[PDB]
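For reference, the structure is listed below as structure tokens.
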Amino acid sequence: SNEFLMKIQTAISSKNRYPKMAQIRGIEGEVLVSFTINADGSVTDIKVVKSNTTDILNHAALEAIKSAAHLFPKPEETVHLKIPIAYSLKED
């Protein structure tokens, strides 16, 4: 299995914003977001590919990547990445 990626998925979720009515009306889901880390240590090029959930959450999941960017590992070259981002009314 992976390692460091599980822990940034946490730091991203800790910066990620969920709306004040969403738990009350039962809203959840998973957003697919494509991006890259540079070998220079910065994060760029964040774009949403797919979602099963609110387009208001899709706008928040993409920003959460930039918002946790100082926690991230360094690649050996600037390749590509394509990552799913999750929400829950469950504590997580």
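Filter region 59-70 down to the residues that are small (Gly, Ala, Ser) and in a helix (DSSP H, G or I) and list them by number.
Listed by number, the residues that qualify are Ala60, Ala61, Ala64, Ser67, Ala69.
β-branched (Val, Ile, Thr), farther than 18 Å from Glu91 by Cβ, in contact with a strand residue (DSSP E or B) (Cβ under 9 Å, 6 or more places away or on another chain) and in a loop (DSSP other than H, G, I, E, B), is that true of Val49?
no
Select from region 1-43 the residues that are within 13 Å of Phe72 (Cβ to Cβ), among the polar types (S, T, N, Q) and in a strand (DSSP E or B) and list them in ascending order.
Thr36
From the list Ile12, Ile65, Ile56, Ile24, pick out the single residue that is under 24 Å from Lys90 (Cα atoms), of a type in the set (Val, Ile, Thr) and in contact (Cβ under 8 Å) with a residue 60 or more places away in the chain.
Result: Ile12 is the single residue among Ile12, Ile65, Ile56, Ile24 that is under 24 Å from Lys90 (Cα atoms), of a type in the set (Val, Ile, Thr) and in contact (Cβ under 8 Å) with a residue 60 or more places away in the chain.
Name every residue in region 71-92 that is in a loop (DSSP other than H, G, I, E, B) and either loosely packed, with under 13 Cβ neighbours inside 10 Å or of a type in the set (S, T, N, Q) (or both), in order of residue number.
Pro73, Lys74, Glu76, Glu77, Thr78, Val79, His80, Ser88, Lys90, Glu91, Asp92 - these are the residues of region 71-92 that are in a loop (DSSP other than H, G, I, E, B) and either loosely packed, with under 13 Cβ neighbours inside 10 Å or of a type in the set (S, T, N, Q) (or both).
Read-outs: derived from the displayed coordinates by stated rules, not from any lab. Positions of Cβ are generated from backbone atoms using ideal geometry, with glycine treated the same way; all protein chains shown enter the neighbour counts.
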